[PDB]
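Asks: how does the following fold in three dimensions:
(chains A, B, C, D, E, F and G)
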Amino acid sequence: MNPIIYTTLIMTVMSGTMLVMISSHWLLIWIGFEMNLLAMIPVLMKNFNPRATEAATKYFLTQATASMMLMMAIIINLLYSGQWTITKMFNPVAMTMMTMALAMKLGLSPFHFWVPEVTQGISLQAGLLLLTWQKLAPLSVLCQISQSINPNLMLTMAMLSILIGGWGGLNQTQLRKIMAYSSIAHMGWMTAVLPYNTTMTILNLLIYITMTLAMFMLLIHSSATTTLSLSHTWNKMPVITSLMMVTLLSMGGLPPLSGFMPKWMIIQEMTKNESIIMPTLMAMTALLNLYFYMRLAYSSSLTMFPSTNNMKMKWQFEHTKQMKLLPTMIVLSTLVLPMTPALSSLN
Amino acid sequence: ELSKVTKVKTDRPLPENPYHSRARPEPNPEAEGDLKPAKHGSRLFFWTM
Amino acid sequence: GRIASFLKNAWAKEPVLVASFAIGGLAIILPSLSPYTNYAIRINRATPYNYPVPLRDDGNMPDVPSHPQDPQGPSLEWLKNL
Amino acid sequence: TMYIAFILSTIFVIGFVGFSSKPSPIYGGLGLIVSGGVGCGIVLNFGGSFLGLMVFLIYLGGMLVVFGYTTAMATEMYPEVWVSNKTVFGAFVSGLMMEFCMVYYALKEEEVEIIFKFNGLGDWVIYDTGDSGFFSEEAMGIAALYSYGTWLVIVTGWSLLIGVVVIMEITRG
Amino acid sequence: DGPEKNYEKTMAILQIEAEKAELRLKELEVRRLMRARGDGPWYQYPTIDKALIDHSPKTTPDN
Amino acid sequence: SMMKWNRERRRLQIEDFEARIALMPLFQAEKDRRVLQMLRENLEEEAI
Amino acid sequence: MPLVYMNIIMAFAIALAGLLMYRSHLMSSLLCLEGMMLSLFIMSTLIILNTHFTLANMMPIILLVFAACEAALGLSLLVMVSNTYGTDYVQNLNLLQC
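Replies: Residues are numbered from 1 along each chain as shown, chains lettered A, B, ... in the order given. Shown next is the structure:
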């Protein structure tokens, strides 16, 4: 793909998300989602591969169904209210259908199935975009309609997302699939507090974005897609895998790392709303995410796997590409817990 | 010429409430006096500032 | 100079495209540089699609025409001349 | 002919069952052309002449014709009708039966409620008594897109152009 | 240092922490009331702006 | 030629619209009376 | 709601059911997806016309355009998949798992 064309497509994806976050008309939000899908498929298939084509097809099918259901819900709300503004939906059935569609766009379980497959099929850059930027628009729409969101349905979807993400991550060996299942679990965490406090969802989203950016960039820098390929990294660049260990521990949420902030604040808000069983189960299930993070950390840096003879040649050469944001992202995703009172800025 | 808006000097009183609208609800209290520093800052758990 | 040769070469080789660019270009520049565009707007506004809802005379509207056809009010004489 | 709109809507549902039974693509495409034509009829019955011809000219005329184009060039299927192998036949019959049950519960029982409330009264009631004069409400509003909806025009045009770009990038191999 | 120093410091710390606790409980109550009534500056979900409505003479007299 | 013809057509259209406007109040009066008459008849037969 | 609205919504539901329950050909799924777009067009058109939402008569057209764009996308993906595998069978899309 010509670089100019690629930049235009990336800007089109961004513009679709911006339209979703800028519009006050339901039709324009749906238009933004459609633009996102249209400009996302080629980005997913930048590197032409049969697996890439399969991932693109599955992604298109899921997002198309989601958009159909979203527009149907919009039309039903128009029928029962004669309103186009993105406010309190005035029809319960439309609300349910829209919730289903937006959850499918996010990847919340039981609409999680496509996320690991598509993530594995696409490249690490496309995976980064899919798991960070594509999560913004549906979350924005959900935040705007949080008042009308049925707490029971959303909580069920979020809890199932956490459970399924942990379980799936336990069994995976491919780094991309592990990242995808962890993303499912983190999206469950994000959407759990959506009915209660949207600002906490924004906080968790920002922390998740920083962590996933750091992790994906470290994977790209190490050019590893499997546990063993990442294991070989210690011989060449120990710094990268050690920083990966730190980021993985943050993703687990172990204090005093940044990952504790979102879980801590989420539990705070849920307990304020007299919900005690749900957050307890949420943390206890996030322990599984911690387990597969720890396994990856073991293989990567905490222990040393055998290497190959050809590594000697790679030792001589140095990485030419430089990801400018990576250091700042690592710092912001590891050491920011002393800065929780900055939560107010989000409000 | 027949399309020109014309004045009409009617004797029928102008309807006081043509839409027969109900009384509009009272607005919420609007703003307040000046802003002052938080009593103890961000009283978030252990943070003192 | 160099541009002039290019235009001659383009019309010699691909006259259809050269004409298309010229017609399209004029169809953009000429509208702004035309006085009848203002008239075209006025004609559209002049056309009375909907009824001219009368207003209640309050005694302090000299300009507004309180009559079928007298000097007060807008005039379509400009269109008649056109 | 007072219930013509209801008859058309039922035929619309029937065609939707026909193509939703996932038959041989060629037979399905027809199941969609028929339903599309019916839907255009319904829209015309409500007075949307321009929108009725829109689906006929674009959806049925172009969108479904390019769909048929693909089915014809990539033909790797054994032709079968909606009343063929039980996988399609049973689905078609069951869909028709569900629709007929809805119809009976809708006409015999005035206030039919499955997920939304429905009234068995003829749709002619919902029509509003009003005069537009020398106007085509549909046409005027749609033409207002160029005047009122400049933003919509911009976004839709950019989407179309980027769609051409995306199609080429995808189908370059 | 002298014991009285620690005594006064303890008194000050106790006052600060107790006032913080009072404010936290007060905030929780205020938030619940505002979210259950919508009569405060918080939880003011948007509504349609009346400025959009056009009151110009329409086509049909009965609006 | 088309410019002159179209301008004349616009003038004729304005004339026709003025005729419509002149006749509109009578039609509105008839319409409201007819609607109210039908409503009253429906009301009486509904009572019965 | 009038029975016509019920029928159109039921048509959308039926098309959605057909789309979600694949059989063999991915082409059939795309047909169901486009059918749903048609049903949404009809529903929105009727709603706008009845409400006399003059300024919103352009909504169905925009929906139609974007609908056919996303279809152009689906078809392009289908031919890529068919050229790679030989058929448009949904079962062929099996390399990616979980």
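
Asks: now do the same contact list for the closest residue to chain D within the stretch 151-300 of chain A.
Replies: Chain D sits closest to residue A:153 of the stretch 151-300 of chain A, with a gap of 15.7 Å, by Cβ to the nearest Cβ. Every C-beta, even on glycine, is put in place using the N, C-alpha and C of the backbone. With contacts defined as Cβ atoms under 8 Å, 6 or more residues apart in numbering or on different chains, residue A:153 is in contact with A:96, A:99.

Asks: helix, strand or coil: sort out the residue positioned nearest the centre of chain C for me.
Replies: Nearest residue to the geometric centre of chain C (Cα atoms, centre = their mean): residue C:37, 2.3 Å. Using DSSP: H, G, I helix; E, B strand; the rest coil, the structure places residue C:37 in helix.

Asks: all strands for chain C, in order.
Replies: Along chain C, the segments classed as strands by DSSP state E run C:55-56.

Asks: of all of it, which residue lies closest to chain F?
Replies: Closest point on chain C to chain F, by Cβ to the nearest Cβ, is residue C:48, at 4.7 Å.

Asks: buried sites along the helix or strand encompassing residue D:94?
Replies: Under the criterion of DSSP states H and E, residue D:94 resides in helix D:86-107. Buried positions in helix D:86-107, judged by neighbour count with 16 or more other Cβ atoms under 10 Å in any protein chain shown: D:88-89, D:91-92, D:95-96, D:99, D:102-103, D:106.

Asks: who does the helix or strand just after that helix pair up with?
Replies: Downstream of helix D:86-107, the next assigned helix or strand under DSSP H and E is strand D:111-113. The strands beside strand D:111-113 in its sheet (DSSP bridges) come out as strand D:117-119 (antiparallel).

Asks: if we look at the helix or strand just after the strand it pairs with, which residues are touching it?
Replies: Later in the chain than strand D:117-119, the nearest helix or strand by DSSP H and E is helix D:137-147. For helix D:137-147, the surrounding residues in contact (Cβ under 8 Å, 6+ apart) are D:47-51, D:152-153, G:49, G:52-58, G:61.

Asks: what's near enough to touch the residue in chain B that chain D sits nearest to?
Replies: Residue nearest to chain D within chain B: residue B:3 (12.8 Å; Cβ to the nearest Cβ). Residue B:3 is in contact with C:48, C:52, F:14, F:17-18, F:21, counting by Cβ under 8 Å, 6+ apart.

Asks: name the SS class of whatever residue of chain E ends up closest to chain C, please.
Replies: Nearest residue of chain E to chain C, counting by Cβ to the nearest Cβ: residue E:57, 4.0 Å away. Residue E:57 falls in the coil class when you classify it by three-state DSSP.

Asks: quick check: it touching residue C:54?
Replies: No - the pair residue E:57 / residue C:54 is not scored as a contact, 9.6 Å apart, by Cβ atoms under 8 Å.

Asks: where's residue A:338 relative to residue A:191, distance?
Replies: To residue A:191, residue A:338 is 27 Å away according to Cβ to Cβ, to the nearest Å.

Asks: now swap in residue A:328 and tell me
Replies: 27 Å.

Asks: ok, residue 38 - contacts?
Replies: As the question left the chain open, I've gone with chain A. Counted by Cβ under 8 Å, 6+ apart, residue A:38 has contacts A:12, D:159, D:162-163, D:166, G:69-70, G:73.

Asks: I was after chain G.
Replies: Residues in contact with residue G:38, defined by Cβ under 8 Å, 6+ apart, are D:32, D:35-36, D:39, D:55, D:59.

Asks: now those as CSV including neighbour count and distance to chain E?
Replies: Shown next, in CSV, are the contacts of residue G:38 (neighbours: other Cβ atoms under 10 Å in any protein chain shown; distance: Cβ to the nearest Cβ, whole Å):
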residue, neighbour count, distance to chain E
D:32, 26, 39
D:35, 27, 36
D:36, 25, 33
D:39, 31, 29
D:55, 25, 28
D:59, 25, 32
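
Asks: columns distance to chain G on top of those residues, output as CSV?
Replies: Listed next are the contacts of residue G:38 as CSV, based on distance: Cβ to the nearest Cβ, whole Å:
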residue, distance to chain G
D:32, 6
D:35, 7
D:36, 6
D:39, 5
D:55, 6
D:59, 6
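
Asks: go through these and name the one nearest residue E:25.
Replies: Distance to residue E:25 across the contacts of residue G:38 (Cβ to Cβ) is lowest for residue D:39, with 60.4 Å.

Asks: please, which helix or strand holds that closest one?
Replies: Using DSSP H and E, residue D:39 sits in helix D:25-46.

Asks: do the very next helix or strand once past that helix and chain A meet?
Replies: Counting by DSSP H and E, the element after helix D:25-46 in chain order, helix or strand, is helix D:49-54. No - Helix D:49-54 does not reach chain A (Cβ under 8 Å from any Cβ of the partner chain); its nearest approach is 14.5 Å.

Asks: residue of chain F closest to chain A, please.
Replies: Scanning chain F for the residue nearest chain A gives residue F:35, at 24.1 Å (criterion: Cβ to the nearest Cβ).

Asks: for that residue, what are its contacts?
Replies: For residue F:35, the contact set (Cβ under 8 Å, 6+ apart) comprises residue D:129.

Asks: got phi/psi on it?
Replies: The phi and psi values for residue F:35, taken as degrees, to the nearest 10, are phi -60, psi -50.

Asks: would you mind measuring from it to chain E?
Replies: 10 Å (Cβ to the nearest Cβ, to the nearest Å).

Asks: higher neighbour count, residue A:338 and residue A:191?
Replies: Each of residue A:338 and residue A:191 has its neighbours counted (other Cβ atoms under 10 Å in any protein chain shown); residue A:191 has more, 28 against 11.

Asks: now that one: closest residue in space that isn't a chain neighbour?
Replies: Ranked by Cβ to Cβ, 6 or more residues apart in numbering or on different chains and with sequence neighbours excluded, the top spatial neighbour of residue A:191 is residue A:158, at 4.4 Å.

Asks: got the buried residues for the one helix or strand that neighbour maps to?
Replies: Applying DSSP H and E as the criterion places residue A:158 in helix A:151-171. For helix A:151-171, a neighbour-count test (16+ other Cβ under 10 Å) marks A:154-155, A:157-169 as buried.
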